[PDB]
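Below are the chains, spelled out letter by letter.
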Amino acid sequence: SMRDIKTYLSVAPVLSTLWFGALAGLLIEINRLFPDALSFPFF
Amino acid sequence: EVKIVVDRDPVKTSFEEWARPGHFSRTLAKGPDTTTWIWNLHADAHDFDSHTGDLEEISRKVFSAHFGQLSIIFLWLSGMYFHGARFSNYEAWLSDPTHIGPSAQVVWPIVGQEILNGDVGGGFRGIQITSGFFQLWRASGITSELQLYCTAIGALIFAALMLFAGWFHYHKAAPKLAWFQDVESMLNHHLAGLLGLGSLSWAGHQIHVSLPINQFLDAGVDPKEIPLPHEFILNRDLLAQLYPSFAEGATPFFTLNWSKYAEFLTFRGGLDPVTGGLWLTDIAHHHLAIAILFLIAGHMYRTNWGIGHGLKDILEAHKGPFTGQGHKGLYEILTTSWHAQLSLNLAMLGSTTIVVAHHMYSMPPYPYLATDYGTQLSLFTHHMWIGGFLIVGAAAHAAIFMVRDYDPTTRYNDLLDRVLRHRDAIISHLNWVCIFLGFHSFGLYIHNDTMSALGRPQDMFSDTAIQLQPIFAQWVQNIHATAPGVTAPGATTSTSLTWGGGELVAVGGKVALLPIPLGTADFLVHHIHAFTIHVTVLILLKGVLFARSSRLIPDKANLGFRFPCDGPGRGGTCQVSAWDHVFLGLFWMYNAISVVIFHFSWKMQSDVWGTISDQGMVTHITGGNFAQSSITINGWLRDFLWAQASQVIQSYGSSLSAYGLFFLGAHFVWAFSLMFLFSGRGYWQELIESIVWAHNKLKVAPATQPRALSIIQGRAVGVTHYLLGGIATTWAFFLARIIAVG
Amino acid sequence: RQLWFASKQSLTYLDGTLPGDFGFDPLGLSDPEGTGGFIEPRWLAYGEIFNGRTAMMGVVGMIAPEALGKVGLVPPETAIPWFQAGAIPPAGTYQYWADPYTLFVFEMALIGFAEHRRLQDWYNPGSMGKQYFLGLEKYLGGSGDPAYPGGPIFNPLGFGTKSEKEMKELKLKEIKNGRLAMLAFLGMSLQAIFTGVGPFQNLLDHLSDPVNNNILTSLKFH
Amino acid sequence: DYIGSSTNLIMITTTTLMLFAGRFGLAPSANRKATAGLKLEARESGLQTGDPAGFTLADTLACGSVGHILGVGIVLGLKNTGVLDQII
Amino acid sequence: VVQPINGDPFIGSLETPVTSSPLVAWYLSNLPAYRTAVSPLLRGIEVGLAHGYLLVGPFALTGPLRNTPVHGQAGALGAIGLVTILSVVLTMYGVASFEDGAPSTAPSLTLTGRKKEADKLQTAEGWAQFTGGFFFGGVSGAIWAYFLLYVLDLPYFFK
Ligand code: CHL
Ligand code: CLA
Ligand code: CLA
Ligand code: CLA
Ligand SMILES: CC1=C[C@H](O)CC(C)(C)[C@H]1/C=C/C(C)=C/C=C/C(C)=C/C=C/C=C(C)/C=C/C=C(C)/C=C/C1=C(C)C[C@H](O)CC1(C)C
Ligand SMILES: CC1=C(/C=C/C(C)=C/C=C/C(C)=C/C=C/C=C(C)/C=C/C=C(C)/C=C/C2=C(C)CCCC2(C)C)C(C)(C)CCC1
Ligand SMILES: CC1=C(C/C=C(\C)CCC[C@H](C)CCC[C@H](C)CCCC(C)C)C(=O)c2ccccc2C1=O
Ligand code: SF4
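For every chain, the first residue of the written sequence is numbered 1, i.e. counting runs from 1 onward, and this need not coincide with the entry's numbering; residues without coordinates are not included. Chain labels run from A onward and ligand labels from 1 onward, assigned in the order the entries are written. Only some chains of a larger assembly appear here, and every value describes just that portion. To get the side-chain values, take all heavy atoms of the structure and skip hydrogens and water.

- Judging from the entry metadata, cryo-EM is the method by which this structure was determined, and 2.2 Å is the reported resolution.

Written out as structure tokens, the structure is:
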């Protein structure tokens, strides 16, 4: 059921996998846009 | 009778159980009180025997899980073929195998990792592979990327089929217990249907596809101009232009004129001088003869027509002259215990893998394999490791049988009882022989190191000093090298070039194989191998034989297969369980296999592999230093580890830097395991108490109470990280060395 | 009742209750114990009958183009062996009105309608007479046996009415004329592989001079 | 011609001998078990057969295939040892 | 051919053809260490002679002076030194184990159960006589082997 599939998608390993995948994607895209940074130059 | 009987709709397909972790266990289904629960959930997942005591349910679960494994394997093969078709230089490699390095993995350009796309040749940049897929694909007649795409798609469809079959044969139509216990019919089908027909179909493919394609390939024809595989089928003139025996069709097959087919059914032996591999016609005749052997074999057992040997009758008929029928009662044991079957099958498969590793280096079956040194080293080492692991698993599951299934009140066997009644004598004699071998093998190296350090080289054990020649091995070599002509008149050359008969095969200015000489160093290292193997046997056999009791713990079988100890009394009783014997055996297995692969690497680099000039002067990679330097420990330390580690430690800044990074990381993991191996859990629980106080101070103490790892889990984590670190260190060392210098 | 290769286990469930029952189960696939999926006597009988019914017109339609062309009633361009009509592209082709593949989708739509509509009656009989189907739903009801639907649509002329044993005799005739057609199809499939000539043409060679027999056609040319 | 050759007669002789051995109680069969190799027992085939001696259809094929195997072995051995022409 | 020892399975062994055949029992009963009715001195003398005779070869053929004109003397001296060490060890064991005046601890029953007089060897004085005999016989046996090998120079095989 929708209730049961929503319950199964909330278990700890599945949620960890999704969270870390999204975070890794964000970090990869940021490093593709502003590469080779050793400091904060904006201000 | 042998009939297909099932039950319809046994288990309802629902998502209710997915939302209840631990559903399979009556003690786990409650929910967690401590962190230990979580670990237990993963440790007891595939232990079906402990879930219930019903044999039929266990069999059904086993069947479905095996279908799942087949689905995963098919996914792996589909990925391999797709990556070969989409991201490789296989087509370019087809036109210059000796100068181009195979590659089928490429990386994306971020954070500077694109440096790993190395210059492998043929206008392509990527990571070099050592699995040997290119040689296998060339031997199959593959010349295009479209064919690889089609194979990958087919593998994806097969993976889907296997997964659906698992679902159907579990949740819809589950076979009954009588279906699984028809061992005669299963043996008949797997001997004849699976092996015999499989070999027949592959031999047919080799005769109708592989040979004509490889003829054009070796004739120097552009791959895009080679006729398509189906042209050789619907146009027999094209195939007859190479093998004239195709003009008469299959008439000689039925008229017993088989000598007409000698053009592509040979008994040559040796190697093809162009590719450096076995003749394809020999392989085809081999698969034909093997197919006949298995087809005949698969008619021995009786199913439904009153013809064929019954398995129980054979075992009960042999009996024994020692006042009893020894082999009576084994059929019942082997038809009611999954663990005993698993033990026997694991032992057989593990030994077979070691045989495969030994035979594939000395009789290289694929074209352009022998002169690809990295692939040869990789294949030998890989199959050695796999075989060792399977053999250890055999002992583990035999112990499980002894603890859980053995019962002399319902299923008696005389031979097992007789063995259990002289276990002291057996174990004591094995202990003594281990001590004798250890002394008279390792002490020789110690004596040589001492004599060399004291300036007395004339008192060493060496070819220039006190000699210990392996005369029996030399005699067997001489018999095998002169076999063509007297004892095997129908063969042209011997089975291998290593036997003798001075002759060398060179492909692209590189040595493929040649005779291998044996001396004092070979004698010493062979008796070292004997020592390590006998010790491993001592440990594992002690584990299996004393699983149920001993003079120290009379009632050990009541404590189970896997328990940490029985207390500090009686002097101390840590590690008396059978699981601990398996735990200890893994270390000695690692020792033995590591020495085997080091011996292989040094001997092959020193006496076989190398280059040859126009005049025929062979220069070896390490220049024949094995004979004089491998007879002391200082020689192994200086001339093997220190000398050959240079490639892996100088790899930074090139395409091989990943191997240096893995070298360091694997040393790290190996050293990390020692923390788990040397300590105990009481210290760690006491530390966790202090940390939990701090979390309680700030209202962040979890409801799932933290606990230290159990004693067994500590040992398991320790041995796992020790093995991973050591094996990965050696992996990086080998791959960097052989790729850079070979 | 001429029993043919009847075993002791097979005689229990084979008692002449179905048309064309002769008792030939040398493997036991029709045993009533342990049934599931597709192996089931009703499904096996339905499948045998249906494959035979298809094979009837399959064999009939694969011979008429050659013989009728030979007799001089079809243009020589159309009259060709069955395996040279486009179903096997490597063995000759013909240019039809649309395409070798567009015709496949056009055919598959119509055939899938009939097959998906027929499958429902097997599950719950009589369920196709309920919903509106352009007014033809009052006739697509069924009879009670999926194998023998009957009705005005499937029996416009009452050839199977006013008698009972005659219906059994007709079922027995159908079984025979359907079992013959499957073997005929198998034969005409193998003959084209081993000879490469039209099956009707192969008849005359053996009919006139019975010399070019199977032995002379064992070399397996192209 | 193939018919009448040395190879064409050996196979027929071996097959006929094996069939006669299997049917007339000179060898084990569906209705005749055996343990040591010389002890001819009496089993039940379990399948209906017209032949009143017990010979079954699955029992014809066993001796038929044994005859083929033995005859092929003998013919090829004779061809290799000399005593017959290599190609007939 | 395997039976319980003396018909008593519950003792910690079971008789085999190895441990119960009369051929082994005759040979083991004819050895000097099992002649319970013989003075310890002669029993020790035979043991010393045999072992000293056998110990000459290794030292004379494998030592650090084997390729010198005085290899035989070095081997004989090594055998004599080893015999001295073994005699010291025998005296130490005897002193540690047996006290003066204590009765013999040797078994007093046979296979059939018939009682027998205990062996004098397992005493403080019998062991001393055996040790002295072992030392004397060892020196004599080493000297005899040296005399036969490197004085008369008999024609052996690979001496
Ligand atoms: C489509 C094939 C087919 C099927 C499903 C059946 C099914 C049946 N037949 Mg029928 N038959 C079929 C073809 C044929 N039958 C016969 C001759 C008979 C007889 C004489 C009898 C039956 C009977 C039966 C019934 C019980 C036997 C049984 O175990 O059935 C379940 C068995 C199967 C599903 C086996 C299916 C095998 C499969 C089609 C082929 C397997 C591979 C082949 C060995 C090799 C094929 C190679 C290719 C190149 C052709 C059952 C309804 C008995 C009965 O009482 O009928 C009312 C009976 O007495 N059949 C012939 C003529 C030779 C056939 C020719 O095609
Ligand atoms: C000739 C018939 C035949 C064949 C080809 C096989 C083949 C196989 N059996 Mg065996 N099996 C047979 C008859 C046969 N069986 C019979 C009669 C019985 C009952 C006594 C069993 C009972 C049995 C059990 C209990 C198990 C097997 C398993 C296996 C697999 C072993 C692993 C392997 O080598 O995979 C090699 C892989 C391949 C060759 C690629 C897959 C190719 C396809 C899938 C082969 C399908 C074979 C099958 C007979 C098809 C039937 C179709 C039909 C029902 C519609 C393998 C796929 C084991 C397994 O893993 O099962 C899943 C297993 O646990 N079999
Ligand atoms: C380098 C490390 C090392 C060494 C030397 C040993 C040595 C030994 N182990 Mg151990 N072991 C080790 C690591 C090691 N182990 C580790 C890390 C583990 C944990 C996984 C184990 C687990 C383990 C198990 C589970 C078992 C052994 C066994 C053995 C014995 C094998 C029998 C043998 O060869 O006797 C011959 C002796 C030697 C080879 C030792 C070296 C002797 C030298 C070369 C000569 C000495 C000359 C002279 C006497 C010097 C005197 C000097 C004077 C001043 C005193 C032996 C005592 C097995 C056993 O007991 O078998 C009977 C056994 O069951 N080990
Ligand atoms: C949600 C959408 C949906 C889906 C996925 C289906 C699916 C299905 N319906 Mg259902 N249906 C739906 C909605 C849907 N229906 C609705 C809303 C109604 C209420 C009116 C119905 C009423 C209905 C009826 C009455 C029937 C179905 C049937 C079917 C089945 C047809 C199987 C087949 O082979 O078709 C084959 C068709 C195709 C694969 C698609 C081909 C499309 C072609 C290319 C269109 C060409 C048009 C052409 C240009 C027009 C001019 C041609 C001229 C020039 C010659 C299938 C299971 C039939 C069935 O089997 O019932 C048991 C059936 O009888 N449906
Ligand atoms: C028309 C046309 C047109 C165009 O131009 C072209 C085309 C398209 C090609 C065409 C078509 C065609 C078709 C449709 C066909 C079909 C067929 C079939 C269905 C067959 C079957 C077929 C079928 C078959 C053979 C079958 C067979 C079977 C068999 C043997 C069986 C046997 C058996 C039995 C009984 C039972 C037991 O227990 C076992 C055994 C002993 C095993
Ligand atoms: C009716 C009748 C009769 C007759 C009968 C007959 C005449 C029969 C026959 C039968 C027969 C005549 C049979 C046969 C069979 C055969 C078989 C069954 C075969 C098989 C084979 C095989 C299996 C082979 C194999 C192989 C191959 C393929 C290759 C390689 C080599 C070998 C050899 C391994 C009489 C008068 C008596 C009585 C009355 C009735
Ligand atoms: C180090 C050590 C420990 C302590 C080690 C422990 C408890 C392992 C801890 C594993 C992880 C880090 C626990 C936390 C897991 C959480 C799921 C992580 C959540 C946060 C992430 C998502 C980032 C033992 O308990 C022990 C027991 C017996 C012998 C030796 C030893 C031993 O050596
Ligand atoms: S130290 Fe650990 S393993 Fe040993 S007895 Fe104590 S609790 Fe058990």
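1. Quick notes on the nonpolar core
All names here are of chain B.
- Residues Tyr 90, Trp 93, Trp 137, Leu 148, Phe 561, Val 608 and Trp 609 are the most contacted members of the largest nonpolar core, which totals 86 residues.
- Put simply, DSSP marks the helices as runs of H or I at least four residues long and the strands as runs of E at least two long, and each gets a number from the N terminus on. Examining the composition of this core, we find that 13 residues originate from one element, helix 15 (residues 373-404), more than from any other.
- For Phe 561, the contacting residues outside a window of four places in its chain are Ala 396, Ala 399, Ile 400, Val 403, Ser 577, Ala 578 and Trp 579.
- If you look at the next biggest cluster of nonpolar residues, it comprises 14 residues, including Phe 232, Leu 238, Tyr 243 and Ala 284. The set of buried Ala, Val, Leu, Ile, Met, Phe, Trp, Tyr and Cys residues whose side-chain atoms join them within 4.5 Å is what this entry labels a nonpolar core. Exposure categories follow from relative accessible area, calculated using a 1.4 Å probe and restricted to protein chains: below 20% of the type maximum is buried, above 50% is exposed, and the middle band is partly exposed. The contact criterion used is simple: two residues touch if any of their non-hydrogen atoms lie within 4.5 Å.

2. Points about the interface of chain D and chain B
- Residue-level contacts link 19 residues of chain D with 13 residues of chain B.
- Buried area, as used here, totals the accessible surface that two parts lose on assembly, with accessibility defined by a 1.4 Å probe and the loss added over both. Buried surface at the junction of chain D and chain B, both sides included, amounts to about 1200 Å², of which 61% is carbon and sulfur.
- Throughout this description, the term salt bridge denotes a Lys or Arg side-chain nitrogen within 4 Å of a carboxyl oxygen of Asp or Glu. Summed over the shared surface of chain D and chain B, the number is zero salt bridges.
- Polar contacts, as used here, are pairs of N or O atoms within 3.5 Å; protein pairs need one atom able to donate a hydrogen and one able to accept it. Residues neighboring in sequence count only if both atoms are side-chain atoms. Our enumeration of links across chain D and chain B arrives at three residue pairs in polar contact.

3. Brief notes about the packing of aromatic side chains
Residue and element names in this part refer to chain B.
- Working definition: a ring pair exists when centres of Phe, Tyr or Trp rings (six-membered ring for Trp) sit within 6.5 Å. Plane angles under 30 degrees give stacked, over 60 give edge-to-face, the rest tilted. According to the stated counting rule, one finds 66 aromatic pairs over all chains in the structure shown.
- Ring geometry for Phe 246 and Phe 264: centres 5.3 Å apart, planes at 10 degrees, overall stacked. Taken as a pair, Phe 246 in the loop between helix 9 (236-240) and helix 10 (251-255) and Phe 264 in the loop between helix 10 and helix 11 (280-297) lie far apart in primary sequence, 18 residues in all.
- With 5.6 Å between their ring centres and 40 degrees between their planes, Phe 733 and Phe 734 make a pair best called tilted.

4. A look at a nonpolar patch on the surface
- Within the patch definition used here, like charges are joined within 9 Å and nonpolar side chains (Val, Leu, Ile, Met, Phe, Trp, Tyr) within 5 Å, considering only residues with over 30% relative accessible area and no salt bridge. Here the Shrake-Rupley method, with its probe set to 1.4 Å, supplies the accessible areas, and only the displayed protein chains count as covering residues. A cluster of nonpolar side chains, contributed by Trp19(A), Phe20(A), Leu23(A), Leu26(A), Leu27(A), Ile30(A), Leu33(A), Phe34(A), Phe40(A), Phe42(A) and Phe43(A), occupies part of the molecular surface with about 1400 Å² of accessible area.
- Of note, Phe42(A) is situated in the segment after helix 2 (12-33).

5. Here's the deal with the site of ligand 3
All names here are of chain B.
- Here a residue is near a molecule or strand as soon as one of its heavy atoms is found within 4 Å of it. All residues in the neighbourhood of ligand 3 are listed as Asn 431, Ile 435, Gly 438, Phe 439, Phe 442, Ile 446, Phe 531, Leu 538, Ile 539, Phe 587 and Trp 588.
- Among the elements of the structure, helix 17 (423-453), helix 19 (520-545) and helix 20 (578-607) are those that each provide at least two residues to the shell around ligand 3.
- Of the residues forming the shell around ligand 3, the biggest block, six residues, is contributed by helix 17.

6. Description of the pairing of strand 3 (residues 118-121) of chain B
- With three bridges connecting them, strand 3 of chain B and strand 4 (residues 124-128) of chain B associate as antiparallel partners. From the neighbouring strand, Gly121(B) faces strand 4 of chain B, where its bridge partner is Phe124(B). Strand pairing follows a simple DSSP-based rule, namely that at least 2 bridges must link the two strands.

7. Looking at the arrangement of the chains
- By contact count, the dominant pairing among the five pairs of chains in contact is that of chains B and D.
- Structurally, chain A and chain E remain out of contact, their C-alpha atoms never closer than 57 Å.
- The least C-alpha distance between chain D and chain E, which are not in contact, is 27 Å.

8. Some thoughts on the sheet that holds strand 2 (residues 103-105) of chain B
Residue and element names in this part refer to chain B.
- As summarised here, the arrangement of the three strands in space is 2-4-3, forming an open sheet in which the pairing is antiparallel. At either margin of the open sheet sits one strand with a lone partner, and together these are strand 2 and strand 3. Geometrically, the sheet is characterised by an average inter-axis angle of 80 degrees between neighbouring strands, direction not taken into account.
- Where strand 2 and strand 4 come together, two bridges link them in antiparallel fashion. Across the sheet, the residue bridging to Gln 105 is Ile 127, located in strand 4. Only the stretch in contact is used when a helix axis is fitted, and all axes are lines through C-alpha atoms; the angle between N-to-C directions ranges over 0 to 180 degrees.

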